[PDB]
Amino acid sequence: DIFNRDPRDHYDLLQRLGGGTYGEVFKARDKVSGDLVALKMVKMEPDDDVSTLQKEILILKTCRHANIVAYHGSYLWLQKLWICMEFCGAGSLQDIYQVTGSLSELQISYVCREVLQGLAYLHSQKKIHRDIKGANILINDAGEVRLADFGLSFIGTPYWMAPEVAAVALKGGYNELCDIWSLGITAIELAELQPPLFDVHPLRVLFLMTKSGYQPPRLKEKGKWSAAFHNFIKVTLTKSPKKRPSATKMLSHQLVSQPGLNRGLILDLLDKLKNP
């Protein structure tokens, strides 16, 4: 459901957060709640069809889980769409680790369980995130973890595309289990400050993956991590999606099911951020 009103009534905008990849996102206080919200402002061109986004907004609203950024309500007004969202004060894990350096085996483990909690719920709703990485895992001042979900014309013009071709332009080859893979890369990203093959051209990384011989990547330093963290990487990055375990199966992995995993590990992290 979309509300048709100036949202500058309801909310005072307190600080501009957004930059390159996030675009325009504002920290804002709710005039009624007195509560803190993130307002993501979307720019809309005349020939941008509104009715097509209303289909992508349902998905955001009926996504109700602690481990997913809560949707509050969209606002169309003056050729702009403002999406109101749970605020996460520490921004993304990427913002964090670029200052704090590498995350610890136990820090990464709690992040891997909270994410799986969110993916396991998404999947149960037959939804697929498509973009698990550091930049899309957000952190609140409590040190709790929240998956940011978001929601091309030069893939071709569709008018001539045959239907099977059009089926892929919307769906990609994406599968619920492709989100699991991305977590494995993300875990390495948290460990190493960059995903495998960051120093390699993207096209080449795409070719290399589609070679028959392609080898799932690994943690650089053997001794630095437990057998558990090693096995978590091995299993999440299984090549064949037919054999890659689901998010519930992964929640019963020893790396994420161990005790002592909780938000303190991150509060540590958020302290490390204040006091270098």
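Sequential numbering from 1, following the sequence displayed.
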property: Third-or-more of other entries without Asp48; result: yes
property: Absent coordinates for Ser153 in a third or more of other compared entries; result: yes
property: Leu152 preceded by how many uncoordinated deposited residues after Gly151; result: 10 or more
property: Of 192 to 200 and 70 to 78, the one with larger mean CA B-factor; result: 70 to 78
property: Residue stretch of maximal mean CA temperature factor, 122 to 130 vs 103 to 111; result: 122 to 130
property: Peak C-alpha temperature factor (PDB record), options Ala227, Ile59, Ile233, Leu208; result: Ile59
property: Top residue by Cα temperature factor, when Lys220, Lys55, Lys239, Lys249 are compared in the entry; result: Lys55
property: Third assignment of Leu273 from its chain's C-alpha B-factors; result: middle
property: For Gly23, the third of its chain into which the C-alpha B factor falls; result: highest
property: For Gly156, the third of its chain into which the C-alpha B factor falls; result: highest
property: Entry-reported Cα temperature factor of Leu267, expressed as the chain third it lands in; result: lowest
